[PDB]
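I have placed the structure first, in the form of structure tokens, so that the comments after it can refer back to it.
Note that ligands are numbered from 1 as they come in the structure, with each ligand's atoms numbered from 1 the same way. Residue numbers run from 1 in the order of the sequence given. These values consider heavy atoms only, across backbone and side chains, with no hydrogens, waters or symmetry-generated copies.
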Amino acid sequence: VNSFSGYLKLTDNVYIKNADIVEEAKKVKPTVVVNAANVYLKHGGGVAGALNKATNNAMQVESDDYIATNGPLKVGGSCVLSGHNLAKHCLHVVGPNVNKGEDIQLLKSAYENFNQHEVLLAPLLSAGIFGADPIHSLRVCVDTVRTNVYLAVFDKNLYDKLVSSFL
Ligand SMILES: O=C(O)Cc1cc2ccccc2s1
């Protein structure tokens, strides 16, 4: 038993809710919140900006130190950093950005990072401003992640569409 509330069950291990991931993280304070990162950990917009804004920019300060030491992530890759005021840990995962020309085939590699954590609060990787088809991203999630994933879909209309179209 855990602390997540009002999620629809999609599969044995995947749950979904129409929720702001920031508000969800503040309420639940999960062990792991997933950030929809880029390889530079430049948290300008979307989930990264909203999460970063909610940390008062501490996520970006930590991230710049991480990049200065380690260099950029790989598309499909991840790193674990602090969750600050939102979670124990933040798993920064780089899904391919279709709007930057990145290969959508790397989405499965991105979701494999979630398997290193027993429970995660996560967004829909490569969807929204990443340019991928969110229906596809949910299918790859369900077909790749074996650990317990709580998907927070921000967009109301998109949440309804994902549930109604889910096989
Ligand atoms: O939750 C949503 O509505 C769908 C989105 C996924 C995502 C990923 C990165 C950046 C923004 C967004 S919006």
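Of all protein heavy atoms, the one lying nearest to atom 4 (C) of ligand 1 is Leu158 CD2, 3.8 Å. Looking only at protein heavy atoms, the nearest one to atom 3 (O) of ligand 1 is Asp155 N, 2.9 Å.
Contact annotation for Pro123 and ligand 1: no heavy atom of the residue comes within less than 4.0 Å of the ligand. Residue contacts with ligand 1, taken as heavy atom pairs separated by less than 4.0 Å, involve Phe130 solely via side-chain atoms from C-beta onward.
When side chains are defined from C-beta on, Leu120 does not count as touching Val33, because their heavy atoms never get closer than 4.5 Å. Here the side chains of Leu86 and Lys26 are in contact, with some heavy-atom distance below 4.5 Å. Using a 4.5 Å heavy-atom cutoff, the side chains of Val28 and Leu121 are not in contact.
Side-chain N or O atoms of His89 include none that pairs as donor or acceptor with a backbone N or O of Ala87 at under 3.5 Å. Put simply, the side chain of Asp160 never gets that close to the backbone of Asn18: no donor and acceptor are under 3.5 Å apart. Of the possible polar contacts, one joining the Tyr111 side chain to the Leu125 backbone as a donor-acceptor pair under 3.5 Å is found. Between the side chain of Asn113 and the backbone N or O of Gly76 there is at least one donor-acceptor pair closer than 3.5 Å.
Taking a cut-off of under 4.0 Å to the non-hydrogen atoms of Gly128, the atoms of ligand 1 that pass are 5 (C), 6 (C), 12 (C), 13 (S). For ligand 1 and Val153, the ligand atoms under 4.0 Å from any heavy atom of the residue are 1 (O). Below 4.0 Å from some heavy atom of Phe154 lie the following atoms of ligand 1, by number and element: 1 (O), 2 (C), 3 (O). Here is the list of ligand 1 atoms found below 4.0 Å of a heavy atom in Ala36: 9 (C).
Of the candidates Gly46, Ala127, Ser137, it is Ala127 that places a heavy atom closest to atom 8 (C) of ligand 1. Counting only non-hydrogen atoms, the option in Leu124, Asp20, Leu162, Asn38 that gets closest to atom 6 (C) of ligand 1 is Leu124.
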